[PDB]
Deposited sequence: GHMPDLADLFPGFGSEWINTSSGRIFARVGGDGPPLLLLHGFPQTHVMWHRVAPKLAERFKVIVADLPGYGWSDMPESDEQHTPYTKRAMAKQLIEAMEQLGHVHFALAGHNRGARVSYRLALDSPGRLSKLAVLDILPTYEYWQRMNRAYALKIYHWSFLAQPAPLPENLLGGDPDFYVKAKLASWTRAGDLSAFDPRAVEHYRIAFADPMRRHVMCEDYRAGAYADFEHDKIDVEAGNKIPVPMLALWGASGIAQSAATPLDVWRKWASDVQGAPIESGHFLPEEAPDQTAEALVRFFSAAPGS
């Protein structure tokens, strides 16, 4: 497994729920970067150096993902809810003395990030979300077309052990196919092979796959209900925020009072498919 973060250290950060693994590099204002599914912190490897020219960059594995410890889940999926994950990452950031920081997230990590912003806006100076809409919005959009496109939101949310059983036959296939299918190219050619190996190794562990299913179960149930409370109360994120998407601002303006955004010429995996454009947009925004 390759070290794809030149000039970054490696830290296990203690919390009350378990250690968070992170790569840490740079100097200046602090910036946390959160990956999603089916990836690890490594996804940020093409953009984190650019950001570290200006910021102290913390590139964390989500709770239960990568090298982070796996808290024990429960019937309501609680440690893998985005509220819970956000609380754990706030604790981790406190261990570093960061109580007000910038945050960028992608995929599940972006969901942690907007939930963090809704629950604890004082923690964030600025927020960026990469290629997502709020969980509530995806569920509200879940007609035939969406059910077919984002089938994994309901498949992975089926009660255990259904998805776990199926995934264990040929995990490597599935992860590689999901990586590829979500890119513009529809193959793996946008990824560094070393990064793909990180993703594959993580996905090969049944306990790590189980976490991912718990994350999607939370996405279908508690996360949805947490979002629904905010939409019903008319709550909006006050934190200055950037929404980037792969070629949404209308949607985010319903959720956030100070939001800007732009399409990036990319499939889903912006930091790997479009690293120069992504980095430039993030540096400009967070400066």
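When the deposited sequence is numbered from 1, the segments without any C-alpha atom are 1-5, 253-261, 302-306.
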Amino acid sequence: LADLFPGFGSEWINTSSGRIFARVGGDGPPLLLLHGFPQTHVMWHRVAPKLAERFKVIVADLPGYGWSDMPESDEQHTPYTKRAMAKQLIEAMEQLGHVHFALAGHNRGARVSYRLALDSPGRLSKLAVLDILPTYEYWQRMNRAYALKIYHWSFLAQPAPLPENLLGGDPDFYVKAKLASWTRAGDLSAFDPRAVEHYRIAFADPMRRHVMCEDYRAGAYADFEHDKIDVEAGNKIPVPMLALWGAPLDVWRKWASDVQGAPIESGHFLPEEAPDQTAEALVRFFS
From here on, numbers count along this sequence of modelled residues.
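Taking only CA atoms, the mean B-factor in the PDB entry is higher for 193-201 than for the other of 98-106 and 193-201. Mean CA temperature factor is higher for 235-243 when stretches 235-243 and 38-46 are set side by side in the entry.
Highest CA B-factor among the listed residues (64, 28, 219, 261): 261. Among 71, 206, 171, 159, the highest C-alpha B-factor in the deposited entry belongs to 71. For residue 225, the recorded CA B-factor ranks within the middle third of the chain. Only modelled residues enter the ranking. For residue 140, the recorded CA B-factor ranks within the highest third of the chain. Only modelled residues enter the ranking.
In the deposited entry, the Cα temperature factor of residue 75 sits in the top third of values across the chain's modelled residues. Residue 33: CA B factor lies in the lowest third for its chain, per the PDB record. Placement of the Cα temperature factor of residue 58 within the chain: lowest third of the modelled residues, per the deposited record.
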